[PDB]
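Here the structure comes first, spelled out in structure tokens, and everything after it is commentary.
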Amino acid sequence: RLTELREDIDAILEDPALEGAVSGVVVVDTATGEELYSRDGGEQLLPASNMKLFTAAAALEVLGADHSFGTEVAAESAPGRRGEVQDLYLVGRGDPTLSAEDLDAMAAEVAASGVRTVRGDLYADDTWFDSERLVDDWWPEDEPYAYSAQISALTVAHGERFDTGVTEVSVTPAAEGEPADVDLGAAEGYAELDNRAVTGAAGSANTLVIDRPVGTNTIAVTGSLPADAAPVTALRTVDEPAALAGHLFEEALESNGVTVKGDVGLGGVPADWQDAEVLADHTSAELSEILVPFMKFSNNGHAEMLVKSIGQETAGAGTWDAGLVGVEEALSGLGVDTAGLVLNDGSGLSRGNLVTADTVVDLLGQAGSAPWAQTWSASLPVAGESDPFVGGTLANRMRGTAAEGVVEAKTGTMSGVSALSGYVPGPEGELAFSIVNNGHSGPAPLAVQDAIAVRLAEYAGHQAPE
Ligand SMILES: [Mg+2]
Ligand SMILES: [Mg+2]
């Protein structure tokens with residue numbers, strides 16, 4: 001039965017989609033330690049989003065499953081008779097799930113604590129992390145897109161997926177030949193609008209492009225939207241997530257009867273504030289719950305914020321340098337051999353990252369026997385599951401195969417990089433596998449990945465749901 005599987009995987013790795021690609025494929029029985037399959041296991045390869053596996057493990061190790069994140073509002077002193085304060089600080093400590101709703105709830109707390117007037121300015125404080133918004137080797141053309149959002153300790157998360165540092169742009173067609181209507185969402189009044197888009201004739205081609213040109217906080221909309229087209233919605237990043245948070249909080253204050261007379265900007269709580277008055281605060285859900293939308297949907301901002309939070313925890317430095325060393329140390333401390341790990345970020349977006357398939361499976365084995373194994377396991381996309389919060393990036397892969405409902409694995413993709421690594425829960429024993437592909441010139445080898453993962457599921461005794 002073992003030689004059957006090995007022959008089968010060997011035949012899967014023959015697929016012409018892996019023409020000129022390197023592939024790290026390792027399968028280990030986690031109960032025995034038996035190496036079921038190993039090809040190019042020690043080879044160093046970009047992991048893409050599989051880097052999140054290391055980040056998630058480390059974050060659970062360093063911060064704990066029960067770790068939560070805080071945001072607060074501070075004035076130099078409490079409001080008096082007149083209910084007045086001077087300057088006001090919204091302070092973010094790295095909550096990657098901070099919503100506009102949470103901002104409104106804090107705005108109400110500010111109101112209810114007796115503030116009627118912010119006579120000075122409103123400042124957005126994200127100094128808990130450094131102001132290095134983007135990893136060096138990340139590509140500037142990626143910057144407009146949600147997965148490349150700027151990293152800040154104070155950032156507003158959009159939606160139930162908590163996509164950080166973005167706004168939702170809605171483009172609605174008007175009459176043919178009239179400008180399309182562009183609604184900027186949260187960044188209305190914050191980001192700049194450059195709407196050059198038109199409504200094309202009904203039945204015409206949709207050529208709508210929504211950009212944020214590099215180094216601006218302008219949403220540039222170009223192209224044409226057909227008169228009869230459904231509205232278009234896209235997540236677009238903004239410059240300075242904290243300042244958008246500031247802007248949104250300003251509106252939340254005005255909405256809860258708090259008049260803000262000054263300006264909204266970045267600034268940190270001054271050193272010379274002896275006893276800052278916390279007028280509002282908010283506590284995130286615990287990391288174990290945050291791990292779900294992070295890992296299911298592969299949230300890049302979450303990963304990076306978690307690296308900086310690790311940096312803060314191990315070193316009081318909300319920093320990639322410190323956080324990445326913190327990941328490496330936490331992984332070593334877990335028994336993981338990190339010899340082949342090059343860490344350049346937490347998300348796996350950076351092309352400076354390296355792993356080996358051996359390292360991943362090493363990690364999977366180590367994570368499996370950890371006190372947080374289950375929260376870690378629960379965060380992983382489950383093959384073929386319809387519920388996006390269950391199936392995540394594997395929602396529409398391996399449906400109607402033995403893998404459906406059983407294989408828990410993290411996906412990874414970008415140009416010339418693809419990865420699938422996780423567990424195949426066995427009525428035999430729990431298998432761990434890592435499939436990392438670099439180089440392939442055409443379609444990502446998702447069917448190869450699925451083929452292996454399906455074969456492993458069958459091998460572990462599973463059968464396709466019908
Ligand atoms: Mg606004
Ligand atoms: Mg099943």
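Each chain of the structure tokens is named A, B, ... in the order shown, its residues numbered from 1; ligands are numbered from 1 in display order.
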Hey, which bits of chain A sit within 12 Å of ligand 1, and for each residue what's the closest pair of atoms and how far apart in Å (one decimal), counting only C-alpha atoms and all ligand atoms, rows by chain and increasing number, as a Markdown table?
```
| residue | atom | partner | partner_atom_place_in_ligand_line | distance |
| --- | --- | --- | --- | --- |
| A:100 | CA | ligand 1 | 1 (Mg) | 11.1 |
| A:167 | CA | ligand 1 | 1 (Mg) | 10.5 |
| A:183 | CA | ligand 1 | 1 (Mg) | 10.8 |
| A:184 | CA | ligand 1 | 1 (Mg) | 8.7 |
| A:185 | CA | ligand 1 | 1 (Mg) | 7.6 |
| A:186 | CA | ligand 1 | 1 (Mg) | 5.6 |
| A:187 | CA | ligand 1 | 1 (Mg) | 5.5 |
| A:188 | CA | ligand 1 | 1 (Mg) | 4.2 |
| A:189 | CA | ligand 1 | 1 (Mg) | 4.2 |
| A:190 | CA | ligand 1 | 1 (Mg) | 5.9 |
| A:191 | CA | ligand 1 | 1 (Mg) | 8.8 |
| A:192 | CA | ligand 1 | 1 (Mg) | 11.2 |
| A:243 | CA | ligand 1 | 1 (Mg) | 11.2 |
| A:244 | CA | ligand 1 | 1 (Mg) | 8.4 |
| A:245 | CA | ligand 1 | 1 (Mg) | 10.0 |
| A:246 | CA | ligand 1 | 1 (Mg) | 10.0 |
| A:247 | CA | ligand 1 | 1 (Mg) | 6.4 |
| A:248 | CA | ligand 1 | 1 (Mg) | 6.1 |
| A:249 | CA | ligand 1 | 1 (Mg) | 9.3 |
| A:250 | CA | ligand 1 | 1 (Mg) | 8.7 |
| A:251 | CA | ligand 1 | 1 (Mg) | 6.8 |
| A:252 | CA | ligand 1 | 1 (Mg) | 9.7 |
| A:254 | CA | ligand 1 | 1 (Mg) | 11.4 |
| A:255 | CA | ligand 1 | 1 (Mg) | 11.7 |
| A:264 | CA | ligand 1 | 1 (Mg) | 11.7 |
```
Check which residues fall inside 8 Å of ligand 2 when counting only C-alpha atoms and all ligand atoms, and print them as a CSV table (one decimal) with N, CA and C atoms, in the first residue's frame.
```csv
chain,number,residue,atom,x,y,z
A,402,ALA,N,-12.2,12.5,-2.1
A,402,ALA,CA,-12.0,12.0,-0.7
A,402,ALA,C,-11.6,13.0,0.3
A,403,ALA,N,-11.0,14.1,-0.3
A,403,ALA,CA,-10.4,15.2,0.5
A,403,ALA,C,-11.5,16.1,1.1
A,404,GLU,N,-12.7,16.1,0.5
A,404,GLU,CA,-13.7,17.1,0.9
A,404,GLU,C,-14.0,16.8,2.4
A,405,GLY,N,-13.9,17.9,3.2
A,405,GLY,CA,-14.3,17.9,4.6
A,405,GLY,C,-13.2,17.4,5.6
A,406,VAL,N,-12.1,16.9,5.0
A,406,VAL,CA,-11.1,16.2,5.8
A,406,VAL,C,-9.7,16.8,5.8
A,462,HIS,N,-10.1,7.6,3.3
A,462,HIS,CA,-11.3,8.4,3.0
A,462,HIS,C,-11.8,8.2,1.6
A,463,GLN,N,-13.1,8.5,1.5
A,463,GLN,CA,-13.8,8.3,0.2
A,463,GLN,C,-14.6,9.6,-0.1
A,464,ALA,N,-14.7,9.9,-1.3
A,464,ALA,CA,-15.5,11.1,-1.8
A,464,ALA,C,-17.0,11.0,-1.2
A,465,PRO,N,-17.4,12.2,-0.6
A,465,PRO,CA,-18.8,12.3,-0.3
A,465,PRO,C,-19.7,12.3,-1.6
```
* Between A:363, A:110, A:457, A:65, single out the one closest to residue 280 in chain A, counting only C-alpha atoms. =>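 Closest candidate: A:110.
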Point-to-point distance in Å for CA of residue 31 in chain A and CA of residue 12 in chain A: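 Between these atoms lies a distance of 25.2 Å.
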| request: For residue 21 in chain A, list every protein, DNA or RNA residue within 6 Å, evaluated using only C-alpha atoms, and leave out those in the same chain fewer than 2 positions away; present the list as a PyMOL selection string. | output: chain A and resi 18-19+438-440
Please list as an mmCIF file with N, CA, C and O atoms, in the first residue's frame every residue within 12 Å of residue 349 in chain A, counting only C-alpha atoms and excluding residues in the same chain fewer than 4 positions away.
```cif
data_model
loop_
_atom_site.group_PDB
_atom_site.id
_atom_site.type_symbol
_atom_site.label_atom_id
_atom_site.label_comp_id
_atom_site.auth_asym_id
_atom_site.auth_seq_id
_atom_site.Cartn_x
_atom_site.Cartn_y
_atom_site.Cartn_z
ATOM 1 N N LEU A 46 10.281 29.505 -2.375
ATOM 2 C CA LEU A 46 9.332 30.499 -1.873
ATOM 3 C C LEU A 46 8.041 29.785 -1.454
ATOM 4 O O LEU A 46 7.561 28.909 -2.169
ATOM 5 N N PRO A 47 7.491 30.139 -0.277
ATOM 6 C CA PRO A 47 6.273 29.468 0.193
ATOM 7 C C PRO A 47 4.981 30.189 -0.189
ATOM 8 O O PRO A 47 3.886 29.638 -0.012
ATOM 9 N N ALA A 48 5.100 31.414 -0.696
ATOM 10 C CA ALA A 48 3.940 32.279 -0.827
ATOM 11 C C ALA A 48 3.213 32.250 0.531
ATOM 12 O O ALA A 48 3.871 32.224 1.579
ATOM 13 N N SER A 49 1.886 32.189 0.511
ATOM 14 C CA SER A 49 1.049 32.220 1.713
ATOM 15 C C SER A 49 1.294 31.113 2.765
ATOM 16 O O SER A 49 0.814 31.216 3.893
ATOM 17 N N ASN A 50 2.014 30.052 2.400
ATOM 18 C CA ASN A 50 2.395 29.051 3.397
ATOM 19 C C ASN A 50 3.275 29.606 4.524
ATOM 20 O O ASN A 50 3.338 29.032 5.602
ATOM 21 N N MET A 51 3.930 30.732 4.264
ATOM 22 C CA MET A 51 4.622 31.488 5.291
ATOM 23 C C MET A 51 3.697 31.789 6.471
ATOM 24 O O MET A 51 4.143 31.839 7.623
ATOM 25 N N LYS A 52 2.403 31.948 6.199
ATOM 26 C CA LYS A 52 1.426 32.177 7.280
ATOM 27 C C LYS A 52 1.394 31.074 8.328
ATOM 28 O O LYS A 52 1.097 31.345 9.483
ATOM 29 N N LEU A 134 5.397 49.082 4.344
ATOM 30 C CA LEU A 134 5.508 48.008 3.348
ATOM 31 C C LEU A 134 6.852 47.318 3.469
ATOM 32 O O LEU A 134 7.856 47.967 3.732
ATOM 33 N N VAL A 135 6.876 46.002 3.278
ATOM 34 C CA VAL A 135 8.150 45.280 3.256
ATOM 35 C C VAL A 135 8.960 45.773 2.051
ATOM 36 O O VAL A 135 8.396 46.025 0.977
ATOM 37 N N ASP A 136 10.263 45.966 2.250
ATOM 38 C CA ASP A 136 11.164 46.468 1.205
ATOM 39 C C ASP A 136 10.897 45.858 -0.177
ATOM 40 O O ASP A 136 10.636 46.586 -1.146
ATOM 41 N N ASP A 137 10.950 44.529 -0.243
ATOM 42 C CA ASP A 137 10.958 43.812 -1.519
ATOM 43 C C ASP A 137 9.572 43.505 -2.096
ATOM 44 O O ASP A 137 9.472 42.818 -3.116
ATOM 45 N N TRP A 138 8.522 44.018 -1.444
ATOM 46 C CA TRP A 138 7.156 43.967 -1.966
ATOM 47 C C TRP A 138 7.070 44.868 -3.177
ATOM 48 O O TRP A 138 7.748 45.891 -3.230
ATOM 49 N N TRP A 139 6.206 44.512 -4.122
ATOM 50 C CA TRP A 139 6.132 45.202 -5.409
ATOM 51 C C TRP A 139 5.154 46.370 -5.366
ATOM 52 O O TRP A 139 4.012 46.191 -4.983
ATOM 53 N N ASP A 142 1.563 46.223 -6.695
ATOM 54 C CA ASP A 142 0.626 45.511 -5.819
ATOM 55 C C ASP A 142 -0.073 46.422 -4.807
ATOM 56 O O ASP A 142 -1.121 46.065 -4.273
ATOM 57 N N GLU A 143 0.499 47.600 -4.561
ATOM 58 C CA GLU A 143 0.048 48.478 -3.478
ATOM 59 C C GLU A 143 -1.447 48.866 -3.411
ATOM 60 O O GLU A 143 -1.977 48.985 -2.314
ATOM 61 N N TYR A 147 -4.515 42.877 -0.406
ATOM 62 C CA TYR A 147 -3.500 41.980 0.132
ATOM 63 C C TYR A 147 -2.145 42.671 0.301
ATOM 64 O O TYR A 147 -1.225 42.106 0.896
ATOM 65 N N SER A 148 -2.028 43.889 -0.217
ATOM 66 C CA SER A 148 -0.816 44.691 -0.070
ATOM 67 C C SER A 148 -1.056 45.980 0.742
ATOM 68 O O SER A 148 -0.336 46.980 0.589
ATOM 69 N N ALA A 149 -2.089 45.958 1.586
ATOM 70 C CA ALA A 149 -2.406 47.109 2.433
ATOM 71 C C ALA A 149 -1.223 47.490 3.313
ATOM 72 O O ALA A 149 -0.482 46.625 3.817
ATOM 73 N N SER A 298 -6.434 33.891 4.152
ATOM 74 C CA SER A 298 -5.037 34.246 3.928
ATOM 75 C C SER A 298 -4.841 35.762 3.982
ATOM 76 O O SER A 298 -4.463 36.378 2.996
ATOM 77 N N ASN A 299 -5.109 36.360 5.134
ATOM 78 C CA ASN A 299 -5.073 37.818 5.240
ATOM 79 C C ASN A 299 -3.650 38.330 5.457
ATOM 80 O O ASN A 299 -3.098 38.185 6.543
ATOM 81 N N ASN A 300 -3.068 38.946 4.427
ATOM 82 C CA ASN A 300 -1.696 39.470 4.506
ATOM 83 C C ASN A 300 -1.455 40.499 5.640
ATOM 84 O O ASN A 300 -0.490 40.384 6.380
ATOM 85 N N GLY A 301 -2.317 41.506 5.750
ATOM 86 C CA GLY A 301 -2.214 42.517 6.804
ATOM 87 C C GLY A 301 -2.188 41.906 8.197
ATOM 88 O O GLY A 301 -1.398 42.327 9.053
ATOM 89 N N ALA A 303 -1.169 38.903 9.056
ATOM 90 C CA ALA A 303 0.137 38.284 9.255
ATOM 91 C C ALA A 303 1.162 39.333 9.668
ATOM 92 O O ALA A 303 1.830 39.187 10.686
ATOM 93 N N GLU A 304 1.265 40.401 8.899
ATOM 94 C CA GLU A 304 2.275 41.409 9.193
ATOM 95 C C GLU A 304 2.034 42.052 10.565
ATOM 96 O O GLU A 304 2.947 42.130 11.378
ATOM 97 N N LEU A 343 13.202 34.245 6.614
ATOM 98 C CA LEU A 343 12.019 35.026 6.938
ATOM 99 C C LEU A 343 12.196 36.470 6.504
ATOM 100 O O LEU A 343 13.077 37.172 7.002
ATOM 101 N N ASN A 344 11.360 36.912 5.570
ATOM 102 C CA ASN A 344 11.371 38.307 5.168
ATOM 103 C C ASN A 344 10.053 39.005 5.439
ATOM 104 O O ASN A 344 9.962 40.227 5.342
ATOM 105 N N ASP A 345 9.026 38.223 5.771
ATOM 106 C CA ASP A 345 7.736 38.776 6.186
ATOM 107 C C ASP A 345 6.864 37.672 6.763
ATOM 108 O O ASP A 345 7.253 36.502 6.749
ATOM 109 N N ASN A 353 11.235 35.396 0.992
ATOM 110 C CA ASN A 353 10.982 34.277 1.891
ATOM 111 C C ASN A 353 11.497 32.967 1.290
ATOM 112 O O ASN A 353 11.403 32.762 0.081
ATOM 113 N N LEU A 354 12.049 32.089 2.120
ATOM 114 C CA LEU A 354 12.338 30.730 1.671
ATOM 115 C C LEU A 354 11.886 29.759 2.725
ATOM 116 O O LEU A 354 11.962 30.065 3.921
ATOM 117 N N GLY A 412 -1.181 28.633 -1.102
ATOM 118 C CA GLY A 412 -0.201 29.673 -1.366
ATOM 119 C C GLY A 412 -0.083 29.847 -2.863
ATOM 120 O O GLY A 412 0.152 28.889 -3.596
ATOM 121 N N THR A 413 -0.247 31.065 -3.337
ATOM 122 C CA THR A 413 -0.027 31.294 -4.741
ATOM 123 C C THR A 413 0.434 32.701 -5.005
ATOM 124 O O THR A 413 0.007 33.651 -4.335
ATOM 125 N N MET A 414 1.377 32.800 -5.930
ATOM 126 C CA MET A 414 1.608 34.013 -6.710
ATOM 127 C C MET A 414 2.294 33.612 -8.029
ATOM 128 O O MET A 414 2.341 32.415 -8.335
ATOM 129 N N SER A 415 2.786 34.575 -8.817
ATOM 130 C CA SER A 415 3.454 34.235 -10.078
ATOM 131 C C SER A 415 4.502 33.194 -9.824
ATOM 132 O O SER A 415 5.390 33.409 -9.010
ATOM 133 N N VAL A 417 4.710 30.618 -8.136
ATOM 134 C CA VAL A 417 4.794 30.019 -6.795
ATOM 135 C C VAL A 417 3.440 29.475 -6.401
ATOM 136 O O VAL A 417 2.418 30.164 -6.507
ATOM 137 N N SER A 418 3.437 28.230 -5.946
ATOM 138 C CA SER A 418 2.229 27.616 -5.447
ATOM 139 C C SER A 418 2.578 26.654 -4.334
ATOM 140 O O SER A 418 3.619 25.998 -4.378
#
```
Need the shell around residue 93 in chain A: protein/DNA/RNA residues with any atom at most 10 Å away, counting only C-alpha atoms. Skip same-chain ones fewer than 4 positions apart. Format as a VMD selection string? chain A and resid 68 to 72 125 to 129 152 to 155 283 305 309 312 318
Store the residues of this selection in a file with N, CA, C and O atoms, as a short mmCIF file (atom, residue, chain, number, x, y, z; two decimals), in the first residue's frame.
```
data_model
loop_
_atom_site.label_atom_id
_atom_site.label_comp_id
_atom_site.auth_asym_id
_atom_site.auth_seq_id
_atom_site.Cartn_x
_atom_site.Cartn_y
_atom_site.Cartn_z
N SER A 68 -5.52 39.19 23.09
CA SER A 68 -6.42 40.09 22.40
C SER A 68 -5.72 41.42 22.24
O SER A 68 -4.69 41.67 22.87
N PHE A 69 -6.28 42.29 21.39
CA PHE A 69 -5.65 43.56 21.06
C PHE A 69 -6.51 44.73 21.47
O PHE A 69 -7.73 44.66 21.40
N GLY A 70 -5.86 45.80 21.91
CA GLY A 70 -6.54 46.97 22.43
C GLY A 70 -6.44 48.19 21.55
O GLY A 70 -5.46 48.38 20.80
N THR A 71 -7.47 49.03 21.64
CA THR A 71 -7.50 50.34 21.02
C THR A 71 -8.15 51.25 22.05
O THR A 71 -9.10 50.84 22.72
N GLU A 72 -7.65 52.46 22.20
CA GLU A 72 -8.23 53.36 23.19
C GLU A 72 -8.22 54.79 22.72
O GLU A 72 -7.56 55.11 21.73
N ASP A 125 -2.89 57.61 16.52
CA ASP A 125 -1.65 57.14 17.09
C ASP A 125 -1.47 55.67 16.75
O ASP A 125 -2.19 54.80 17.25
N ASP A 126 -0.49 55.40 15.89
CA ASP A 126 -0.19 54.03 15.50
C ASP A 126 1.27 53.72 15.82
O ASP A 126 1.86 52.80 15.25
N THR A 127 1.82 54.48 16.77
CA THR A 127 3.22 54.40 17.14
C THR A 127 3.58 53.07 17.83
O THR A 127 4.76 52.76 17.96
N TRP A 128 2.58 52.33 18.31
CA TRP A 128 2.77 50.95 18.81
C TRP A 128 3.55 50.06 17.82
O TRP A 128 4.31 49.17 18.23
N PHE A 129 3.36 50.30 16.52
CA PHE A 129 4.25 49.70 15.51
C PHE A 129 5.05 50.83 14.90
O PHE A 129 4.62 52.01 14.95
N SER A 152 -0.11 49.00 9.81
CA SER A 152 -0.12 50.00 10.88
C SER A 152 -0.69 49.36 12.12
O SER A 152 -1.42 48.37 12.04
N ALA A 153 -0.37 49.94 13.27
CA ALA A 153 -0.93 49.48 14.54
C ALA A 153 -2.38 49.97 14.68
O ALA A 153 -3.14 49.44 15.50
N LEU A 154 -2.74 50.99 13.91
CA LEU A 154 -4.09 51.52 13.94
C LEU A 154 -4.58 51.46 12.53
O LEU A 154 -4.15 52.24 11.68
N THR A 155 -5.49 50.52 12.30
CA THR A 155 -6.04 50.32 10.98
C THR A 155 -7.47 49.83 11.11
O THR A 155 -7.79 49.02 12.01
N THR A 283 -11.55 46.21 23.07
CA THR A 283 -10.73 45.01 23.14
C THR A 283 -11.21 44.08 22.04
O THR A 283 -12.41 43.84 21.90
N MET A 305 0.80 42.47 10.83
CA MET A 305 0.46 43.00 12.15
C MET A 305 0.83 42.02 13.26
O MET A 305 1.32 42.44 14.30
N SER A 309 3.27 42.60 16.29
CA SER A 309 2.79 42.28 17.63
C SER A 309 3.74 41.32 18.35
O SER A 309 3.97 41.48 19.54
N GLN A 312 6.59 43.45 19.30
CA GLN A 312 6.21 44.13 20.52
C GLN A 312 6.29 43.23 21.74
O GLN A 312 6.84 43.62 22.75
N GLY A 318 7.64 47.12 17.60
CA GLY A 318 6.57 46.80 16.66
C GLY A 318 7.11 46.86 15.24
O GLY A 318 6.75 47.75 14.47
#
```
